[PDB]
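Undergrad: sequence and experimental coordinates follow.
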Amino acid sequence: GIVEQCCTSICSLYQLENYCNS
Amino acid sequence: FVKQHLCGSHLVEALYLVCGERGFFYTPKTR
């Protein structure tokens, strides 16, 4: 899960735009 | 854009901006 990376470390569109379904 | 630590609702606060309310699945695991 991306949460395991974003909640412990640091995230931006470069990580989060992988969640989008649209 | 800011590189930041985010859990759940904060992580969706980036997700919702990154996906621009078009749509997403914030679920931590598929199954």
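TA: That came through fine. Residues are numbered from 1 along each chain as shown, chains lettered A, B, ... in the order given.

Undergrad: what number of residues lie near residue A:17?
TA: 14 (other Cβ atoms under 10 Å in any protein chain shown). Quick note: C-beta positions are derived from backbone N, CA and C, even for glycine.

Undergrad: cool, and residue B:18?
TA: Residues lying near residue B:18 (other Cβ under 10 Å) number 21.

Undergrad: contacting residues around it?
TA: Residue B:18 makes contact with A:13, A:16-17, A:19-20, according to Cβ atoms under 8 Å, 6 or more residues apart in numbering or on different chains.

Undergrad: now those: which count as buried?
TA: A:16, A:19-20 (16 or more other Cβ atoms under 10 Å in any protein chain shown).

Undergrad: those: which ones sit near chain B?
TA: Counting by Cβ under 8 Å from any Cβ of the partner chain, A:16, A:19-20 from the buried ones among the contacts of residue B:18 sit close to chain B.

Undergrad: out of the residues you listed, who's nearest residue B:25?
TA: Using Cβ to Cβ, the shortest approach to residue B:25 within those belongs to residue A:19, at 6.4 Å.

Undergrad: wait, isn't the closest one in contact with residue B:26?
TA: Yes. With contact defined as Cβ atoms under 8 Å, residue A:19 counts as touching residue B:26 (6.5 Å).
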